[PDB]
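**Q** following this: a sequence and the matching experimental structure.
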Amino acid sequence: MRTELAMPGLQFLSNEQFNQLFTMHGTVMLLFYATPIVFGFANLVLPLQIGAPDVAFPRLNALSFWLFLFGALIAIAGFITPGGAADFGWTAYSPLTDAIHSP
Amino acid sequence: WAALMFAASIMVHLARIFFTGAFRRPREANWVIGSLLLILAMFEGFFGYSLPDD
Amino acid sequence: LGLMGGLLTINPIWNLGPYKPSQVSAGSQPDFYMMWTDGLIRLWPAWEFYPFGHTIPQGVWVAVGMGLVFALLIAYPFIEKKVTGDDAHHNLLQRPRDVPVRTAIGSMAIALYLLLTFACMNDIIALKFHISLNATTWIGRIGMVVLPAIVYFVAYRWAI
Amino acid sequence: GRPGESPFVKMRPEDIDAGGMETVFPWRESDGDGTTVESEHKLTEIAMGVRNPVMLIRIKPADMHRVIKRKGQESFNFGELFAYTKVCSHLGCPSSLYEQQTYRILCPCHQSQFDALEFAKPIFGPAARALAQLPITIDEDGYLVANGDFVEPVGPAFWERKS
Amino acid sequence: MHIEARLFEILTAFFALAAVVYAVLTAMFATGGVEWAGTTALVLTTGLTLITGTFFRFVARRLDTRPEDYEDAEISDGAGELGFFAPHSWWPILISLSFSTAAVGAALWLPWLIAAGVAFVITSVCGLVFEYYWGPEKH
Amino acid sequence: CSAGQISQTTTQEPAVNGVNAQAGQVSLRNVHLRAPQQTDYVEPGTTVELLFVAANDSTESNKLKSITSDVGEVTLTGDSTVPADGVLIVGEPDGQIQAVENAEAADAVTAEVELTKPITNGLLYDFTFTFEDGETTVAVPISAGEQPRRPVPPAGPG
Amino acid sequence: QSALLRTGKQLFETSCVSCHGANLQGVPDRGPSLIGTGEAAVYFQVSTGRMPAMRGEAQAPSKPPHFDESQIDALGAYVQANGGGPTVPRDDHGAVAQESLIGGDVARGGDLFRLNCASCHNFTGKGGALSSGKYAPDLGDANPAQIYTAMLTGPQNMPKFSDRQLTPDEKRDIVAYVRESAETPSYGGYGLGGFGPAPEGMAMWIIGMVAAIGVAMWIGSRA
Amino acid sequence: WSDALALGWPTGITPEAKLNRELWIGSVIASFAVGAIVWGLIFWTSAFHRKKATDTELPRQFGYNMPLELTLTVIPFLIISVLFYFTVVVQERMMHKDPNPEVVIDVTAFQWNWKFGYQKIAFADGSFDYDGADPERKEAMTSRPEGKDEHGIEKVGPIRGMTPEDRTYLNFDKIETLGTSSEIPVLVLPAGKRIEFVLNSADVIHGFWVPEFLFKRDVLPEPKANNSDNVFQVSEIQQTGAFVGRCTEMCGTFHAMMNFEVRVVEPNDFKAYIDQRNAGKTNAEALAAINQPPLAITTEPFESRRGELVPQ
Amino acid sequence: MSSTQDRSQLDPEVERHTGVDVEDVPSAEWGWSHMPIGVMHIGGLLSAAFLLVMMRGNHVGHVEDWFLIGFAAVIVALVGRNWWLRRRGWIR
Ligand SMILES: CCCCCCCCCCCCCCCC(=O)O[C@H](COC(=O)CCCCCCC[C@@H](C)CCCCCCCCC)COP(=O)(O)O[C@H]1[C@H](O)[C@H](O)[C@H](O)[C@@H](O)[C@@H]1O
Ligand SMILES: CCCCCCCCCCCCCCCC(=O)O[C@H](COC(=O)CCCCCCC[C@@H](C)CCCCCCCCC)COP(=O)(O)O[C@H]1[C@H](O)[C@H](O)[C@H](O)[C@@H](O)[C@@H]1O
Ligand SMILES: CCCCCCCC/C=C\CCCCCCCC(=O)OC[C@H](COP(=O)(O)OCCN)OC(=O)CCCCCCCCCCCCCCC
Ligand code: HEC
Ligand code: HEM
Ligand SMILES: CCCCCCCCCCCCCCCC(=O)OC[C@H](C)OC(=O)CCCCCCCC[C@@H](C)CCCCCCCC
Ligand SMILES: *C(=O)CCCCCCCCCCCCCCC
Ligand code: FES
Ligand SMILES: [Cu+2]
Ligand SMILES: [Cu+2]
């Protein structure tokens, strides 16, 4: 997105390819890097910081990581599809998201 | 369906024997004839579902 | 087998009209056991040789591939004994984890077989799971040398 | 698709329209309708001919300028009509799938695409030889007729080929 | 668990106040009356925190002061038998994979891959739950 | 990345028989010839009609449509200077609806050509459409608008 | 009709002039010109919903229609008046014909389907894959008018079947076969989609083989 | 100094924009003061390095300064309260909703371009007996007597008896300045008059921004049904000339291609333009007739080509 | 407690004195555990060569060739890293 925006023209990106980029950049950074890494740090030191040996449900927190990983991957999987990832921004506003728009 | 299960179970049996080493020194000829059997089953199903001109 | 013969439809030849050379469908797959041969046909990259006034079509490539597959499968125990050196009379099996190299090789071979089997189904995979047909073909082409190696390494380390 | 009687009917260029594909067969006047017993065997032979079926494609006049032509196949096309063998050059399945506005003849058996705009050369998939191009023209009354025979063997390749 | 319950009690008080004020100021002084989305969300997050705080308060009254809650509590006071914390298990990854196969089946509207992902999820959840209860094989 | 700068859907011509000639300020769309042929050729001396739609691209106009003639002596009956950010519809392609009981300037600029040369369906015949802005060869096709199949004689086996 | 033309124009001006420029001329590299496409093309495309299209990609996917039958007719009439071209079939009353398009012969329709349609769609009208991100969609959603108009106007990478190429009787037979194959119950159990080898092999490996392996694990003893 | 300190705010062209810009200048002044003091604190405590002279003695280790906490938690409250009071008084002039607008523009914003209707014009000085078009608004009530079933269903419609594809909320007008992909629309407005904008969207939510108005509003599909005050007024527009306008939301692929113009001309120029548009003429023709450039001068149409490296 | 320890005497027959050791593969004596590193290096190099060679084909596409180049490059990079590290004694 930054390389494309350097020059006024559409040098190497299409309109919808760019739209997919900020959609996935916004969500990946928030929902697949920011929100899953607070629990990455929590799992890292929170039991240590309260003196506990482990988390309350240590098989559950294992499931949480794998749900994060595989849930994240299938969102990224939009790219491999011919259409691409989600056009609508990270916010994914209603009318633009329905089957009519961004099908 | 029996043909499909025949092929699938031959494949699973081959996996079992190969991974558990049920072929070395003795039973190596058994593995050989089993491989021939798997190939024959493959081509048998090939001719089978090809039998009704479709 | 009877339950599945009842409840699940297999080969609706009535739907599949009579053979005519001019007619064809989009699926065009063989049963899952020949699906790996068909996938090899699909994935192999259209390499044809033309000797002096002759042609060597891409079919020979897949034919030789099948020949090699069957030869290796038939001759594995002798290949394994030549490589390792063990001709001892073995009556006790060994857990697949206890033989990392052989379980790794078997995992690699199963990965290649699955890759070919799904390459044969790339048409329906592309149709249902929205992935371009060229993308599926080239995923198979690259994987059939990448995926076996990845699965070999992963299986070896997993066994250890 | 008429069940048995007059299965093959003469054809005219006007029948197809730009971006149209029609499967055609080599019908002779002697191979009349299937009413007679003598006929309906010639017609069955025509239908069952492995190398018989051809696909006639009406190249859009706008895209007619993108057409490249093969050696000795430059005059084969009749105006904007191109007749290519349906049998895929690799293992002989029909290449019946046709994509207009892309001009790609796709084969379902092993996903090989041939660029109909150019001589039907394979631009993807296992196929390595272009589909044979049938010379076509119009006789008296305007009916489409082959202007000759394929200048190469049409089915899938084999050892004794390219000479 | 006095502080643990009081945290949620404070959250409940604040969220109830927010829901009430939002409902009032949206019923009047809004373009189209009550918003009915923010109002419901605020009411039921008040309900979330209220349920949690009520359970925590019940437990606080049911349990005597734990060493954890007790200032000046020695380590030996809490020293004892901690309960069962699940050791290594490979069922969580299978549950995640099954739920991912149901999720892709929902995304790409494939009833067959939804049906199988759900079967897959049932199987893996059963495996996880029965992991430490499957008695020895009886032959 | 089928959605990139080169995508299949965007770069598609209309699924119509008429060709498109964007050269020049005025763009020619669905330009074809209504020349119903009863035999191999449409013999010279018969009048066939020239359908197309001339759409103006710029509002600053190119409404002249001077000659647009080629081999065949194309004549524009009821000629008018229509294109001003709009469409000039020379004829009535099969299926065309008049859209009103009355009409403007009688025929809507019908273009008709006395062949002076055989033509047949499937061939492309060059026409030089020349507006005051410029001239462009279009290579017009022959289109059978909505006529059904002409009954071919039944075949006698031999 | 005057008011129908006006309504079609108003819908066009606030729906598609950004990619099928006003005057129906196509926007270079955004959409083709609609001159000559006709009313049938508009009906099929908008009714299937493809046309309120919000991306340029390998193929325009289907979607819920953005217009009701009256607005579809208005847009089709507008496009037909501007360009002039194929018209959607209609019944005696005037509504788009649905049952009238069911050809009497189904064997002939199936033969024609296999020769022309199954080439890419399927043996029985399930979907098919195409070169680069394209695909022939399943026909089970399409109604007889939609199938007929799809043949009449090659929507996208689909050959355009004129009435001369496929006489309306042949198209009616093909429509009858499509609807019959779509609405016909699978004899012999659950047809796993419509593709034989691949869904059948997966169902074997998942249903039959897991059953067999689980039963073997029940009977035998782990060691 | 004001322009530099406004952080790239275009000097407003309407009193609402002027007042909003003044509020922005004040807010930026306050924010920069707070930032300066806090950054000074940070760069000062960065001077409390671990001096080598610090022997085996740790710092005061104080923490928990309740009076200081109270001071620094009451002062920010007062600061934000002053900001909130200024914000409320400024927001009061966000839509005064004057019941006597001088020109009403029906701003329809469809998929990737604009359309301006000129719903009504009524100059306070006395002129412009003009109105919009009540016809052309056709509903989609699917009130068929019977549906697929035999009887009883008598379905009226999904929502309030109407199908989702209704477009009755969309209002139409006689003078429509529709914007084509190759011809950027230019809504021409009279200078010095009260201009109301009735905002609507044909297909999808998107935005309407005139950077020189220092104000934007989200054109919603059905604002009245969504409980949205789409309509908004501008008391005046002093400066004349052409001002670019963007779409300030997400619309779809060609979201960056929705640029339009607002051309503020003199009231007499607007008289001539509206008369010559009532006479059959396009927007460019009317602009040329009133002797003003026809094409959007602040923004050229975007190349419909998907990009630079596309082979034409 | 309800488990009995296992005594196993499997017939053995390379003698494992060279190659891999139990510290690296605990069950070295129980089965084939060592693949010569040369085999894997040459296999990776030939896989990269095959990926590069697939660029030569009847495809007008170019992202395919670029994907082949990338995958071959990473394969060659891994093989080179492994070979260099083992040459230097697993350093850096
Ligand atoms: C364990 C043994 C039991 C085996 C299952 C046996 C189930 C018996 C079902 C009852 C008797 C047979 C019903 C036959 C009537 C019938 O056929 O069933 C269709 C449904 O079909 C679907 O959608 C699927 C719905 C989802 C439920 C079934 C899913 C079961 C799968 C998961 C089993 C295989 C395992 C694969 C594992 C996958 C995971 C792999 C890792 C329903 O009609 P419809 O939906 O409209 O079909 C469309 C035409 O209309 C339309 O034209 C046409 O164009 C199509 O669109 C067509 O779908
Ligand atoms: C068994 C599966 C595992 C395989 C393991 C091997 C892993 C290596 C994968 C290699 C990936 C190779 C991708 C490249 C392939 C390639 O070269 O094709 C391209 C399409 O690029 C792409 O999307 C690349 C997508 C790559 C994503 C790969 C995802 C891996 C998944 C499959 C892994 C999950 C496996 C699940 C296991 C299930 C277990 C089952 C038990 C271009 O086609 P096209 O579409 O025609 O593009 C035209 C423009 O070029 C042109 O400008 C423009 O004008 C247009 O014409 C445009 O169409
Ligand atoms: C981290 C890297 C980051 C790289 C990220 C770059 C992403 C940008 C890609 C596509 C943007 C949309 C444009 C879509 C159109 C393409 C642009 C173009 O036109 O570029 C000129 C020619 C083709 O000419 P053509 O007219 O397309 O026609 C042709 C036949 N007719 O290609 C060229 O030389 C230049 C190459 C163009 C793209 C190749 C990219 C493929 C994969 C790169 C490496 C994968 C690594 C895998 C690692 C394991
Ligand atoms: C880019 C967004 C887009 C918009 C929005 C859009 N179109 Fe199109 N239109 C296309 C493209 C691309 C094609 C050709 C490829 C395709 O149809 O998939 C096309 C083709 C068509 C066709 C078929 C042309 C043919 O030759 O078969 C019709 C009919 C049509 N458009 C009408 C409409 C109508 C009516 C609307 C508004 C209700 C509309 N379009 C909105 C882009 C669009
Ligand atoms: C040995 C392993 C065998 C395999 C793998 C196999 C496989 C198959 C398959 C898959 C079919 C297709 C059925 C269909 O499409 O409906 C088939 C058909 C058939 N098989 Fe076999 N078969 C085997 C053995 C046999 C035997 C021993 C006989 C005779 C005793 C036999 C007789 C037939 C016949 C007559 C058909 C034709 C049925 C039809 O056209 O529907 N097969 N076979
Ligand atoms: C060697 C093996 C290891 C990899 C080595 C380093 C691998 C490093 C890989 C650099 C890749 C560079 C790409 C450059 C793009 C290009 O120029 O061509 C543009 C093309 C036209 O655009 C596309 O078509 C799609 C491009 C997007 C790719 C989506 C892939 C998403 C993956 C998901 C489906 C999840 C899969 C699970 C994957 C699970 C793995 C998780 C890490
Ligand atoms: C069309 O099919 C897709 C268009 C998307 C083009 C832009 C892709 C951005 C890069 C995504 C990164 C994927 C993960 C990389 C793994 C190393
Ligand atoms: S049969 Fe045509 S590509 Fe193989
Ligand atoms: Cu916008
Ligand atoms: Cu918008």
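**A** The structure has been received and is ready for your questions. Numbers count the residues shown, from 1 in each chain, chains lettered A, B, ... in the order given. Ligands and ions are numbered 1, 2, ... in the order given.

**Q** show me what from chain I comes close to chain E.
**A** Within reach of chain E by C-beta under 8 Å from any C-beta of the partner chain, chain I has these residues: residue I:2. Bear in mind the C-beta positions are built from the backbone N, C-alpha and C, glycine included.

**Q** ok and the residue in chain E nearest ligand 9?
**A** residue E:31 (23.6 Å; C-beta to the ion).

**Q** chain F contacts on chain C?
**A** Residues of chain C lying near chain F (C-beta under 8 Å from any C-beta): residue C:132.

**Q** quick one, helices of chain C?
**A** Along chain C, counting by DSSP state H, helices occupy C:2-7, C:35-43, C:58-84, C:100-120, C:122-128, C:133-159.

**Q** what is the burial count for the residue of chain E closest to ligand 9?
**A** 12 (other C-beta atoms under 10 Å in any protein chain shown).

**Q** what do you get for residue A:55?
**A** Neighbours around residue A:55, by other C-beta under 10 Å: 17.

**Q** now do the contacts for residue H:103.
**A** The contact partners of residue H:103, by C-beta atoms under 8 Å, 6 or more residues apart in numbering or on different chains, come to H:118, H:120-123, H:128, H:189-190, H:193-196, H:270.

**Q** how close does it sit to chain G?
**A** 22 Å (C-beta to the nearest C-beta, to the nearest Å).

**Q** phi and psi next, for that residue.
**A** Per-residue torsions, residue H:103: phi -150, psi 130 (degrees, to the nearest 10).

**Q** tell me the bridge partners for it.
**A** residue H:121, residue H:195 (DSSP bridges).

**Q** need the helices of chain C in CSV with mean neighbour count, can you?
**A** As requested, the helices of chain C are exported to CSV (neighbours: other C-beta atoms under 10 Å in any protein chain shown):
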stretch, mean neighbour count
helix C:2-7, 12
helix C:35-43, 23
helix C:58-84, 16
helix C:100-120, 22
helix C:122-128, 25
helix C:133-159, 21
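
**Q** out of these, which gets nearest to ligand 2?
**A** Proximity to ligand 2 (C-beta to the nearest ligand atom) singles out helix C:133-159 among the helices of chain C, at 2.8 Å.

**Q** against which helices or strands is that closest one packed?
**A** helix C:35-43, helix C:100-120, helix C:122-128, helix I:37-53, helix I:63-88 (3 or more C-beta pairs under 8 Å, 6 or more residues apart in numbering or on different chains; DSSP states H and E).

**Q** tell me which of these lies nearest to ligand 4.
**A** So among those, helix C:122-128 is nearest, using C-beta to the nearest ligand atom, at 17.3 Å.

**Q** not counting stretch C:42-54 itself, show me its contacts.
**A** C:55-58, C:61-62, C:65, C:116, C:119-120, C:122, C:137, C:140-141, C:144, D:90, D:110-112, D:122, D:125-129, D:157, D:159-163, I:54, I:57-58.

**Q** what residues does chain A have near chain C?
**A** So far as C-beta under 8 Å from any C-beta goes, chain A lies against chain C at A:80-83.

**Q** of those residues, buried ones?
**A** Among those, the ones that count as buried by 16 or more other C-beta atoms under 10 Å in any protein chain shown are A:80-83.

**Q** which strand or helix spans the residue of chain E found nearest chain I?
**A** Residue nearest to chain I within chain E: residue E:136 (6.4 Å; C-beta to the nearest C-beta). Using DSSP states H and E, residue E:136 sits within no helix or strand.

**Q** residues in contact with it?
**A** Contacts of residue E:136 by C-beta under 8 Å, 6+ apart are residue I:2.

**Q** do residue C:117 as well
**A** C:32, C:35-36, C:39, G:201.

**Q** helix, strand or coil: sort out residue H:56 for me.
**A** coil (DSSP: H, G, I helix; E, B strand; the rest coil).

**Q** let's verify the most centrally placed residue in chain A: helix, strand, or coil?
**A** With distances taken as C-alpha atoms, centre = their mean, residue A:28 lies nearest the centre of chain A, 2.4 Å away. Using three-state DSSP, the secondary structure recorded for residue A:28 is helix.

**Q** need the nearest residue in space to it, chain neighbours excluded.
**A** residue A:76 (7.0 Å; C-beta to C-beta, 6 or more residues apart in numbering or on different chains).

**Q** just want the phi and psi numbers for the one you found.
**A** phi -60, psi -20.

**Q** hang on, it packs against residue A:24?
**A** Yes. Between residue A:76 and residue A:24 there is a contact at 6.9 Å, judged by C-beta atoms under 8 Å.

**Q** does chain F sit close to stretch G:69-82?
**A** Yes. Using C-beta under 8 Å from any C-beta, we find that stretch G:69-82 touches chain F at G:77, G:80-82.

**Q** next step: those restricted to strands.
**A** Among those, none falls in strands (DSSP state E).

**Q** chain D: strands as residue ranges?
**A** D:20-24, D:54-58, D:81-85, D:97-99, D:104-107, D:112-115, D:121-124, D:133-134, D:136-138, D:144-146.

**Q** center of chain D - which residue?
**A** Closest-to-mean residue, chain D, C-alpha atoms, centre = their mean: residue D:54 / 2.5 Å.

**Q** got the contact list for that residue?
**A** D:23-26, D:83-86, D:134.

**Q** now do residue H:165
**A** Contacts of residue H:165 by C-beta under 8 Å, 6+ apart are G:65-68, G:71, H:140.

**Q** could you redo the last one with a cut-off of 6 Å?
**A** Contact partners of residue H:165, counting by C-beta atoms under 6 Å, 6 or more residues apart in numbering or on different chains, are G:66-68, H:140.

**Q** cool, residue D:135 as well?
**A** D:76, D:147-148.

**Q** which of those residues ranks first by neighbour count?
**A** Using other C-beta under 10 Å as the neighbour test, these are led by residue D:76, with 24 neighbours.

**Q** separation between that residue and residue D:146?
**A** In this view, residue D:76 and residue D:146 are 10 Å apart by C-beta to C-beta, to the nearest Å.

**Q** swap in residue G:72?
**A** When residue G:72 is compared with residue D:146 (using C-beta to C-beta), they lie 44 Å apart.

**Q** now for residue C:130: which residues touch it?
**A** residue A:81.

**Q** which one of the contacts of residue C:117 is nearest to residue H:236?
**A** Nearest to residue H:236 among the contacts of residue C:117 is residue C:39, at 72.4 Å by C-beta to C-beta.

**Q** go ahead and confirm the closest one touches residue C:122.
**A** No. With contact defined as C-beta atoms under 6 Å, residue C:39 and residue C:122 do not form a contacting pair (7.8 Å).

**Q** which residues of chain A lie near ligand 7?
**A** A:17, A:20-21, A:79, A:81-82, A:84 (C-beta under 6 Å from any ligand atom).

**Q** what do you get if the cut-off is 8 Å, keeping everything else the same?
**A** Within reach of ligand 7 by C-beta under 8 Å from any ligand atom, chain A has these residues: A:13, A:17, A:20-21, A:24, A:76, A:78-85.

**Q** dump those into JSON lines; add secondary structure as well.
**A** Conversion of these to JSON lines gives the following (three-state DSSP):
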{"residue": "A:13", "secondary structure": "coil"}
{"residue": "A:17", "secondary structure": "helix"}
{"residue": "A:20", "secondary structure": "helix"}
{"residue": "A:21", "secondary structure": "helix"}
{"residue": "A:24", "secondary structure": "helix"}
{"residue": "A:76", "secondary structure": "helix"}
{"residue": "A:78", "secondary structure": "coil"}
{"residue": "A:79", "secondary structure": "coil"}
{"residue": "A:80", "secondary structure": "coil"}
{"residue": "A:81", "secondary structure": "coil"}
{"residue": "A:82", "secondary structure": "coil"}
{"residue": "A:83", "secondary structure": "coil"}
{"residue": "A:84", "secondary structure": "coil"}
{"residue": "A:85", "secondary structure": "coil"}
